[PDB]
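Protein chains: 2
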Amino acid sequence: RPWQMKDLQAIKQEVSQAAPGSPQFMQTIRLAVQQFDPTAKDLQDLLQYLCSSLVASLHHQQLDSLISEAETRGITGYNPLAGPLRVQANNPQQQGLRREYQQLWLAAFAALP
Amino acid sequence: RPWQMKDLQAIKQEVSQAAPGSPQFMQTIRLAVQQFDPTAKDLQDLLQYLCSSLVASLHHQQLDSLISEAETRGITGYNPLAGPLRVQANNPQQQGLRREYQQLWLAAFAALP
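From first to last, the protein sequence lines are chains G and H. The numbering of the first sequence is the UniProt record's numbering, which starts it at 40 and goes up by one. The numbering of the second sequence is the UniProt record's numbering, which starts it at 40 and goes up by one.
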């Protein structure tokens with residue numbers, strides 16, 4: 040049950056005025072992420088739709104650092120012999136990795152301003 | 040029939056002008072809750088969506104007060120040998136607990152000012 044075009048259109052329109060990482064944007068994006076239960080691929084699509092290449096790159100770097108610390112510590116469900124967290128989160132049998140990816144994503148995007 | 044994006048986006052759209060505790064806010068919240076019959080999970084999602092973190096924290100303080108009062112006084116179908124009302128309202132076969140939690144939710148939201 041992935042999102043459709045209308046959901047993305049509404050998500051972008053409702054937060055057109057606000058700035059990335061504002062409380063309003065964080066509310067709406069967090070609700071979407073917690074409601075649709077998407078993988079990393081869909082999150083990348085959503086970010087490309089919402090913010091430009093500059094904000095995309097900044098979030099990419101911040102999320103790289105956050106994932107770096109998180110999975111360098113060692114995580115309950117992460118096994119580094121199978122692939123990067125971006126790929127484990129895309130397997131529907133690793134929901135723990137998917138939820139960790141979602142939370143790192145939202146925190147990284149909130150850490151912009 | 041848990042609410043999708045469109046329902047919650049509307050709810051926030053018409054709960055934007057008014058402030059918590061005002062007649063309009065409570066009217067809309069009560070209608071939504073009485074219609075969709077949401078558990079504690081969906082209620083917390085809706086609250087995180089609507090208002091700032093400060094208002095959510097205030098509401099949860101009031102809700103903890105109300106729930107503690109009710110559990111001391113006694114609830115019709117509350118059995119504390121399995122988990123708190125908080126967790127007893129997530130089980131779909133406990134309609135009484137769920138409706139009681141919804142009513143305490145609405146009261147705690149109405150008593151913020």
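Beta carbons are placed, not taken as given, at the ideal position from N, Cα and C, and that holds for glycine.
The criterion of a C-beta distance shorter than 8 Å is not satisfied by H:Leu70 and H:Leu102.
The C-beta of H:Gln87 comes closer than 8 Å to at least one C-beta of chain G. Residue contact check for H:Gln48 against chain G: a CB pair falls below 8 Å.
At a C-beta separation below 8 Å, H:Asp84 has these neighbours in chain G: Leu70, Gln73, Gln74. Flagged as an interface residue toward chain H: G:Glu53, by a C-beta distance shorter than 8 Å. The residue from G:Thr111, G:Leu105, G:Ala58 with its alpha-carbon nearest to that of G:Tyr140 is G:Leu105. What H:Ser61 touches in chain G, judged by beta-carbon distance under 7 Å, is nothing: the nearest beta carbon there is about 19 Å away. Comparing alpha-carbon positions, the option among H:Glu53, H:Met44, H:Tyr88, H:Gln127 lying closest to G:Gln63 turns out to be H:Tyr88. If you look at H:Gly135, you'll find it in the alpha helix (DSSP H) that goes 134 to 149. For H:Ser96, the closest Cβ of chain G is not nearer than 8 Å.
In the three-state DSSP reduction, G:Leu105 falls in the helix class (H, G or I).
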